[PDB]
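Beneath this line is the structure, given in structure tokens, with notes to follow.
Nothing in this text is a laboratory measurement; each read-out follows from the coordinates by a stated rule. For neighbour counting, all protein chains shown are included, and Cβ atoms are generated from backbone atoms with ideal geometry for every residue, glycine included.
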């Protein structure tokens, strides 16, 4: 609120070091890395909570001594005069990004379609490389280590290596998952074969013992008898009830005992 | 085909039943109890091992 | 639409309910027993086939 | 898939048309079993599909 | 992946042996660059692997 | 489009020099390398881009 | 089939007037609107019938 009065509001974003501790930040200012991301303030929302500020990466800075604030934009972009192969790594980088997002979708593809290498609209290739590496799931420590790099080839290689590390972890997880699913399918398919055999052999073997070994056996047992109509209809009703009921129920067992 | 499929399958719960069958073997089993035991064995084979009815059936057989 | 290929459910049970409805048809059923039987049939419909209370209700209906 | 006995019996044939006929008949012999197995498998599969579709209709009613 | 200027300079050569020598030298240099990058990457991967296997076990834990 | 009516459709593929510049291509013509490769067009596809032409080198020339 | 041998394949398009009549198209040439639209034939398919012209508006004329 103190900076709203200012004509050009601004906000700075930094990165904490390992072993985060809220009390340490206020107690000592040395917890934050010398690297910082100075950027402008867009707008406050405060929908759920009272602090939902928007931050963006516009101007990187490396304070000489945070304790002692002097600053300068020593944004070094050393590059080779001959530019005929330098972008060759960019093609493989975009191909790797495409492979990662296809195999490991994380965000919408519309951003990639809007920014295409062939369009030539990319006036800041370094920022594009940073955005591409942003999709990397590496820890903030890896990001800080990459930032420590000053040579363009070294930083590009480290971003590519982090992409490859994420690729390796993701593909290992996917391979494990698909192997587990295929094991499930094999185990269930052998059981389906067993059920097919059971259906085929129920008549051949057990003669439908689940219900029929009782039904037909008692039918034949009564066949030799000159069965009165009363007990005949009673037996028919009892057999219908037995067929309706499941084989492993107490009511079914009592019905079977009465029928016997 | 039936016998080839039978030979292609290696799983069964028979051994426990055969235990009681051999227990009966040495005994000079009267026919009445033999047929009653066969009927109850068929029921046991029909029933799942974990059902309480199966437990009562197993106790009766023992 | 409730009736979508389902039989003997959400309607008169063929085994018992509908079976005894035709039995009641010929009789000159008094209103008292009419309502008592209607309530009993509703309870039978609300009860599962294999329950003891269902069996008692069916026997009373018989 | 003809057994080695069938292969030896075919080899015993001397006339070219006879051996060609026997080879075609062995192919038909294996094809009959393959067709029977395929038809039985798809029949059981469709039976399972219908048994599950009726349950799906019941679930839709619920 | 040599530079397009390298391709044009190879095209400049007229005699077959000279262009063959230039192509072989270009292949040698490109393979040496790839070999250097691969060796540096192997060293970096080894250094990253110095991270204790406890870290991978804790990754699985998390 | 203008070469569809032409009896023999063809195309010449070239290579530029360093410092690529779209404006200089139309402003000056010496940027394109003297060496070229004439070939016969195969077919237009234009899946999503209005120009997706297929280029193959057949007849080299300087 | 007569324009396949023509050195310059092109197909025209016009518009009709009110009270369309198929017989009047061949009996009189004045039924068609004077405006015309010449264009180039793209491809012949003849999937369902023997005539599946693909036409476009390329060169208008009066």
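Results, tabulated for the structure shown:
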read-out: Residue check, residue A:112 within 13 Å of chain E (Cβ to nearest Cβ), part of a helix (DSSP H, G or I), surrounded by 14 or more Cβ atoms within 10 Å (Cβ to Cβ) and over 15 Å from the mean Cα position of the chain (by Cα); value: no
read-out: Long-range neighbours under 7 Å by Cβ, at least six apart or interchain, first residue within 22 Å of residue A:35 (Cα to Cα) within the range A:72-100, second in a helix (DSSP H, G or I); value: A:77/A:126; A:78/A:152
read-out: Scope the range A:216-260; condition within 20 Å of residue C:55 (Cβ to Cβ), within 14 Å of chain B (Cβ to nearest Cβ) and in a helix (DSSP H, G or I); matching residues; value: A:242, A:250, A:251, A:252, A:253, A:254, A:255, A:256, A:257, A:259
read-out: Given (1) in a helix (DSSP H, G or I); (2) surrounded by 14 or more Cβ atoms within 10 Å (Cβ to Cβ), number of the condition residue A:209 does not satisfy; value: (1)
read-out: Members of the range E:7-23 that are surrounded by 10 or more Cβ atoms within 10 Å (Cβ to Cβ) and away from chain A (no Cβ under 13 Å); value: E:10, E:11, E:12, E:13, E:18, E:19, E:20, E:21, E:22, E:23
read-out: The range A:223-242, residues that are under 22 Å from residue B:46 (Cβ atoms) and either surrounded by fewer than 15 Cβ atoms within 10 Å (Cβ to Cβ) or touching a strand residue (DSSP E or B) at 6+ places or on another chain (Cβ under 9 Å) (or both); value: A:240
read-out: The listed residue being surrounded by 14 or more Cβ atoms within 10 Å (Cβ to Cβ), under 27 Å from the mean Cα position of the chain (by Cα) and more than 14 Å from chain E (Cβ to nearest Cβ), out of A:147, A:163, A:128; value: A:128
read-out: Among residues of the range A:189-203, those that are facing chain D (nearest Cβ under 10 Å) and more than 19 Å from residue B:45 (Cβ to Cβ), counted; value: 3
read-out: All positions within the range D:6-40 that are under 19 Å from the mean Cα position of the chain (by Cα) and either under 21 Å from residue B:5 (Cβ atoms) or outside any helix (DSSP H, G or I) (or both); value: D:29, D:30, D:31, D:32, D:33, D:34, D:35, D:36, D:37, D:38, D:39, D:40
read-out: Residue match in the range A:51-65 (condition: touching a strand residue (DSSP E or B) at 6+ places or on another chain (Cβ under 9 Å), loosely packed, with under 11 Cβ neighbours inside 10 Å and more than 14 Å from chain E (Cβ to nearest Cβ)); value: yes
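Each row is one residue, and each column tells you yes or no for (1) part of a helix (DSSP H, G or I); (2) away from chain A (no Cβ under 13 Å); (3) touching a strand residue (DSSP E or B) at 6+ places or on another chain (Cβ under 7 Å).
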position: B:7; (1), (2), (3): yes, no, no
position: B:12; (1), (2), (3): no, no, no
position: B:24; (1), (2), (3): yes, yes, no
position: B:28; (1), (2), (3): no, yes, no
position: B:32; (1), (2), (3): yes, yes, no
position: B:45; (1), (2), (3): yes, no, no
position: B:55; (1), (2), (3): yes, no, no
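Results for (1) surrounded by 12 or more Cβ atoms within 10 Å (Cβ to Cβ); (2) within 14 Å of chain A (Cβ to nearest Cβ); (3) farther than 19 Å from residue A:189 by Cβ, shown as yes or no for each residue.
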{"position": "D:5", "(1), (2), (3)": "no, no, yes"}
{"position": "D:29", "(1), (2), (3)": "yes, no, yes"}
{"position": "D:38", "(1), (2), (3)": "no, yes, no"}
{"position": "D:47", "(1), (2), (3)": "yes, yes, no"}
